[PDB]
Ligand SMILES: Nc1ncnc2c1ncn2[C@@H]1O[C@@H]2COP(=O)(O)O[C@H]2[C@H]1O
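Residue numbers (mature numbering (1 follows the signal peptide of the UniProt record, and there is no 0)): 1 to 254.
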């Protein structure tokens with residue numbers, strides 16, 4: 001229903017930052033305070049407003065993403081094909097036809113396509129066919145210019161699974177992950193709008209979102225962890241050193 005648009009025709013570091021803040025502010029419950037920190041926390045699951053729409057507006061067309069508000073999971077995307085026909089692709093265990101119709105009304109039922117693979121990184125990475133290094137998403141890099149190039153592979157083109165997969169990997173990281181982790185957002189704006197190399201720390205943050213959220217939720221007092229934590233990139237005692245942008249909903253503080 002609610003849609004936020006990122007203007008990639010005229011990219012601005014401030015516009016990108018405000019875009020991420022709109023996402024954070026949309027899903028957060030301001031009454032929730034985890035571990036005495038000021039970091040925003042995703043509110044309890046809504047039965048009425050379940051999805052959020054993100055538009056990537058370019059000079060030659062617009063590609064859209066559909067995200068689940070309860071956990072920021074990307075569940076679908078909208079892109080015009082080679083015949084300029086709007087088509088929606090979705091992950092099966094994530095959304096229904098009726099919900100997809102409401103999310104992307106410009107797409108007719110017949111043009112809704114269920115994706116052959118899973119929504120998890122491993123499954124998408126397999127189809128991305130990355131041939132160098134560890135063959136994971138880290139090998140693609142990050143950045144505004146990279147996102148623009150990836151959109152070019154799906155905007156008004158015949159669907160190719162390899163290009164679709166690579167687009168999804170970058171789109172998920174530049175939106176959902178950047179919203180959750182300010183470290184990722186800061187790398188994007190520091191190198192704006194260039195493509196740059198990703199890091200092990202970027203991946204380490206991503207795989208430990210739940211762990212970090214649980215640690216702040218139940219083992220942190222006034223921003224200080226009760227014990228030392230190491231999520232892969234070193235020992236952390238102060239929650240602020242994590243530069244968190246959005247915490248996972250784990251209930252209300254006890
Ligand atoms: N489709 C997706 N959309 C958004 N975020 C994802 C998606 N698939 C995986 N992730 C993230 O990858 C993370 C891996 O570890 P977590 O269980 O802590 O939390 C997971 C999610 O936050």
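Beta carbons: idealized from backbone N, C-alpha and C, even for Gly.
Query: CA-to-CA distance, residue 157 to residue 34, given in whole angstroms; Result: 45 Å
Query: Residue 221 burial status per 10 Å Cβ neighbour count (16 or more: buried); Result: exposed
Query: Extent of the continuous beta strand (DSSP E) to which residue 79 belongs; Result: 74-80
Query: Exposure label - residue 110; buried when at least 16 CB within 10 Å; Result: exposed
Query: Residue 193 at chain D interface by Cβ criterion, 9 Å; Result: Of the chains in the structure shown, none is chain D; there is only one protein chain.
Query: Pairwise C-alpha distance: residue 202 and residue 38; Result: 22 Å
Query: Whole runs of the beta strand (DSSP E) within the segment 160-240, excluding any shorter than 3 residues; Result: 224-230, 235-238
Query: Whole alpha helix (DSSP H) elements within the segment 89-159, 4-residue minimum; Result: 97-103, 121-128, 144-152
Query: For residue 142 and residue 122, believed in contact at Cβ under 8 Å, the rounded distance; Result: Not a contact, Cβ separation roughly 19 Å.
Query: Coil, strand or helix - residue 249 by DSSP; Result: coil
Query: Three-way DSSP call (helix, strand, coil) for residue 86 in this model; Result: strand
Query: Given 8 Å, three or more beta-carbon pairs between the segment 54-64 and the segment 78-95; Result: yes
Query: Which residues DSSP lists as bridging residue 57, in chain order; Result: 7, 62
Query: Reduced DSSP secondary structure (H/G/I, E/B, other) of residue 67; Result: strand
Query: Other residues of its chain near residue 252: CB distance less than 8 Å, five sequence neighbours each side excluded; Result: 32
Query: Reference residue 83, options 67, 159, 120, closest by Cα; Result: 159
Query: Close Cβ partners of residue 243 (< 6 Å) along its chain, the five nearest in sequence each way excluded; Result: 182, 183
Query: beta-carbon residue 207 near ligand 1 non-hydrogen atom, thresh 8 Å; Result: yes
Query: Best match in 144, 55, 40, 212 for proximity to residue 191 [C-alpha to C-alpha]; Result: 144
Query: CB-CB length for residue 54 against residue 16, believed under 8 Å; Result: Actually they do not touch by this definition, with Cβ atoms about 12 Å apart.
Query: Residues near residue 233 in its chain [Cβ-Cβ closer than 6 Å; skip 5 each side]; Result: 201, 204
Query: Beta carbon of residue 44 nearer than 9 Å to that of residue 229; Result: no
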